[PDB]
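In the form deposited in one PDB entry, a lone chain appears below as structure tokens.
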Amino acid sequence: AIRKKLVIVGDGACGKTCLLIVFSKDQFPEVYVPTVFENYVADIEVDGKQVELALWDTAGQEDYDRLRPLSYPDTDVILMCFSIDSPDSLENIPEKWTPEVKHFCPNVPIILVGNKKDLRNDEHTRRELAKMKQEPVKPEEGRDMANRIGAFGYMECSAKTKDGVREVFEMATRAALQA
């Protein structure tokens, strides 16, 4: 099994911590959802290849520009996250997160991930966003941003229901294995 490193980046409200927790336990916690994620090494077999995929979160480092880059050395794949219930999290992708990741992780594949996809058709979410002249992120808006930023691909998931979570990490493993 070859060792690969994955780092997830995105705004504080993007759901990156929850996504790593749900994947690493293969379960949305029924009693207590942890506030933080330390690290994890997942055993993944994708397209017949066995990989040990180390997972890291950047939560808590968003305001600290000299501490945050210490998470990037030798990263093999980046998950760049935004929440579908937050068009503001999607607007910060191209000129804040993307230039930083391209600088510290040159030539590393980026997968743009739309989290909380279950909220796209949530009535409470649609009412709250409409007060700021907003609506949940549409799939084409996500794909277009991924295309513009030079992402390897665009994917969506819901940590709450687990839908799409396995597929995101299997694809990240395939991206980490490419030349």
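Take the two forms, superpose them, and find the largest set of C-alpha atoms that agree within 1.5 Å; that set is the rigid core. One-based numbering along the sequence shown.
From this point on, the text means the form deposited with a small molecule bound, which you will not see here.
S.K.: So in the entry with it bound, does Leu119 come within 4.5 Å of the small molecule, heavy atom to heavy atom?
M.R.: Residue-level check for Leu119: yes, a contact with the small molecule.
S.K.: Any chance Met155 has a heavy atom within 4.5 Å of the small molecule in the entry with it bound?
M.R.: Judged by the heavy-atom cut-off of 4.5 Å, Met155 is well away from the small molecule in the entry with it bound.
S.K.: After the core is superposed, which of these residues, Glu141, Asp122, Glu135, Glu62, moves its CA 2 Å or more between the shown form and the other one?
M.R.: It is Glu62.
S.K.: With a threshold of 2 Å on the C-alpha, tell me if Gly150 counts as moved between the shown form and the other one once the core is superposed.
M.R.: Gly150 C-alpha, core-superposed: shift of less than 2 Å.
S.K.: Please say whether the CA atoms of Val36 and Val101 come closer or move farther apart in the entry with it bound, knowing the change relative to this form is 3 Å or more.
M.R.: Closer, not farther.
S.K.: Shorter or longer C-alpha distance for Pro29 and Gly15 in the entry with it bound, given it differs from this form by 3 Å or more?
M.R.: Their C-alpha distance shrinks by at least 3 Å in the entry with it bound.
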